[PDB]
Amino acid sequence: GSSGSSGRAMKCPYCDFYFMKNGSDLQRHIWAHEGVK
Ligand SMILES: [Zn+2]
């Protein structure tokens, strides 16, 4: 699919959104649900 040739991405511990299993942007996306500036 458009997110990757084999699919099977990780899913967020707070919402419906997806990232690559070792992506650094996931840590910022989670810290944003935890309310960090
Ligand atoms: Zn999320």
# chains A, B, ... in the order shown; residues from 1 in each chain; ligands from 1
>>> closest_atom_pairs(of="chain A", to="ligand 1", cutoff="6 Å", atoms="only C-alpha atoms and all ligand atoms", output="Markdown table")
| residue | atom | partner | partner_atom_place_in_ligand_line | distance |
| --- | --- | --- | --- | --- |
| A:12 | CA | ligand 1 | 1 (Zn) | 4.7 |
| A:14 | CA | ligand 1 | 1 (Zn) | 4.9 |
| A:15 | CA | ligand 1 | 1 (Zn) | 4.1 |
| A:17 | CA | ligand 1 | 1 (Zn) | 5.3 |
| A:29 | CA | ligand 1 | 1 (Zn) | 5.9 |
| A:30 | CA | ligand 1 | 1 (Zn) | 6.0 |
>>> residues_around(residues="residue 26 (chain A)", least_positions_apart="2", cutoff="12 Å", atoms="only C-alpha atoms", output="PyMOL selection string")
chain A and resi 9-15+17-24+28-33
>>> select_by_dssp(residues="chain A", states="strand (DSSP E)", output="PyMOL selection string")
chain A and resi 10-11+18-19
